[PDB]
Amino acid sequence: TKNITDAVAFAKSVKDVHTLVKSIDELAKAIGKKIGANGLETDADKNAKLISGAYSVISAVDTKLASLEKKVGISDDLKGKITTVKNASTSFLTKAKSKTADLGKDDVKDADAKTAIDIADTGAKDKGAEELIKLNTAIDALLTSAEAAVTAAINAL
């Protein structure tokens, strides 16, 4: 019974991180948008604080992965997939910090906000978006492995 409990718990933790990573796509939809009377309305630039929000969500992700890496009884293969995810979140944070002049200024234009947190935009991804793409790829893989472990434990019952 402890086997299914450990698989479920691990999957819950990975699902949590996966959602937070995908949540950044919801933040990117707010770039150059203000809360209007009927929902989000176009109101360009001044995106610094929104990028700060994304930065905080990815910091939470990094902290959660730091905790996951130290979990006992985890297979070396799973531990490695977690590291690939944590390398990506660490990269995003380091890159953003290095781009403070462009991301922390009083008027961060829409295009520049996209180079940080918009993976779908057809522009440059030189202020964190490239790292965010890798983070997405990495978390998708860890979620798949975590969900497969849940199914295998459910099979053994």
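Residue numbers run from 1 along the displayed sequence.
- When the C-alpha B-factors of 43 to 51 and 90 to 98 are averaged, 43 to 51 comes out higher.
- Taking only CA atoms, the mean B-factor in the PDB entry is higher for 68 to 76 than for the other of 81 to 89 and 68 to 76.
- The residue among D62, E131, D121, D106 whose C-alpha carries the highest B-factor in the deposited model is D106.
- In this PDB entry, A28 carries a Cα temperature factor that places it within the middle third of its chain's modelled residues.
- Looking at the C-alpha B-factors along this chain, the one for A111 belongs to the highest third.
- When the CA B factors of the chain's modelled residues are split into thirds, the value for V57 lands in the lowest one.
- Looking at the C-alpha B-factors along this chain, the one for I154 belongs to the highest third.
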